[PDB]
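In: got a structure for you, letters missing:
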């Protein structure tokens, strides 16, 4: 989950 | 509001209004909403936007075209530093980097023609 605009990857 | 106390300063007013026609999503036209990104200031060292560009220009902060060009590059880069490689917002910053990259070239030459010095390269 997550697609930019929240500081999260990997 | 009012400004443009020199012929160089008047270029920047009309040029900033040309960069505003390179953002058709209004993604950079306004500041990033911290109410949905509270960590923006912990990841971005120098945050900027088109309203801050305008306010700095109306406050006589830009006396050379280099700074007016470099703060536009900063706004582009601050998107690329806080996004994923597949979003609308990422590609909207790539669009500014190309399309408004020409706007800064065509508008710099209106200062260089009266700043004098050497030519060619």
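Out: Yes, it's here. Numbers count the residues shown, from 1 in each chain, chains lettered A, B, ... in the order given.

In: from here on, contacts and neighbour counts on C-alpha atoms
Out: Will do.

In: For chain A, what lies in contact range of chain B?
Out: A:3, A:4, A:5, A:6, A:7, A:9 (Cα under 8 Å from any Cα of the partner chain).

In: count of neighbours near the second one?
Out: Spelled out, that is residue A:4. 19 (other Cα atoms under 10 Å in any protein chain shown).

In: Pull out the buried residues from whichever strand or helix holds residue B:105.
Out: Using DSSP states H and E, residue B:105 sits in helix B:88-115. Buried residues in helix B:88-115, counting neighbours by 16 or more other Cα atoms under 10 Å in any protein chain shown, are found at B:89-93, B:96-97, B:100-101, B:103-104, B:107-108, B:111.

In: Determine which two of the residues of chain A next to chain B are furthest apart.
Out: A:5 and A:9 (10.8 Å; Cα to Cα).

In: host element of residue B:69?
Out: helix B:65-80.

In: picking that back up, nearest to chain B, of the residues of chain A next to chain B?
Out: residue A:4 (3.9 Å; Cα to the nearest Cα).

In: Run a quick neighbour tally on residue B:61.
Out: Going by other Cα under 10 Å, the residues that sit close to residue B:61 add up to 12.

In: Tell me which residue in chain B sits closest to chain A.
Out: For chain B, Cα to the nearest Cα, closest residue to chain A: residue B:83, 3.9 Å.

In: quick one: contacts for that residue?
Out: A:3, A:4, A:5, A:6, A:7, B:89, B:90 (Cα atoms under 8 Å, 6 or more residues apart in numbering or on different chains).

In: Between its first and last residues, what's the separation in stretch B:56-70?
Out: 13 Å (Cα to Cα, to the nearest Å).

In: oh sorry, the question was meant for stretch B:35-51
Out: Criterion Cα to Cα; first-to-last residue distance in stretch B:35-51 is 18 Å.

In: Tell me if that stretch is near chain A.
Out: Yes. Residues of stretch B:35-51 contacting chain A under Cα under 8 Å from any Cα: B:37, B:39, B:43.

In: Apart from its neighbours in sequence, what residue is nearest residue A:4?
Out: Distances taken as Cα to Cα, 6 or more residues apart in numbering or on different chains put residue B:83 closest to residue A:4, at 3.9 Å, once the chain neighbours are dropped.
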